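One chain is shown next in structure tokens, namely the form deposited in one PDB entry.
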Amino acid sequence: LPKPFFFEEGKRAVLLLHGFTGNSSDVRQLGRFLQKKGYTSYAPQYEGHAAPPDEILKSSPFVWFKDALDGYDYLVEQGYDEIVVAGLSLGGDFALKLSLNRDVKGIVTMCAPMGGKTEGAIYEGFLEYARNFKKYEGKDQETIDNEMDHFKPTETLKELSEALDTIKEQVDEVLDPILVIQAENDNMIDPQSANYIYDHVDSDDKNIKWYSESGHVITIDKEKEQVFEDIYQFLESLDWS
């Protein structure tokens, strides 16, 4: 089952943050590519993730963001002072916010939401995970429909909507070098989010890349090798010691 991972290589480090309802395996191939290029990486795993869907509803985005910060702080404790934060999906929103809470050499956002119909993305993301999990449990279609019909929204999903709006409203405070990556065929979040992030950060050093044959979990999809190369080129451009 997926767990946090720590790939120790050279002195340059990347904190890898996964997506909403995702898990560390979604960023592990990126981690391995980075390791082959000499970069250390650490990937936390958010509380309640990689588990039955009700565990997400017992948790909170405030915890998940702290899980992200704990990964940064762990890299520092392990000797890595120079850290780029690279986040997939909701993790990309956490990467932007983390850069306001900790010192980073740069930021990568990959299919991160910002603006638009946030509530739709939250509920569709959760419900898709929940339905797929119940299928994996071997449940029949009626049992799944019945369990899904008993879904009760919790404070978790309202908190997530509020957290996303907070990050949107503070994105003009982001100053560190940034690469914005977006899949054109993302069916979870609106690809125009990438324009919004790019346009509204204060970062003087920024770039954006679009991927025409990819979806939301871009780091496991069919163009992942090009995504990884583009991330690498961005990393190589930064002000490392």
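Start at 1 with the first residue shown and count on from there. So that the term is clear: the rigid core is the largest set of C-alpha atoms that superpose within 1.5 Å between two forms.
Keep in mind that the form deposited in another entry is missing from the display, and what follows is about it.
Only 145, out of 169, 145, 81, 73, shows a C-alpha shift of 2 Å or more between this form and the one not shown on alignment of the rigid core.
Relative to the superposed rigid core, the position of the CA of residue 103 differs between this form and the one not shown by less than 2 Å. Relative to the superposed rigid core, the position of the CA of residue 121 differs between this form and the one not shown by 2 Å or more.
With a change of no less than 3 Å, the CA-CA distance between residue 26 and residue 153 is smaller in the other form than in the form shown. The distance between the CA atoms of residue 168 and residue 120 is at least 3 Å longer in the other form than in the form shown here.
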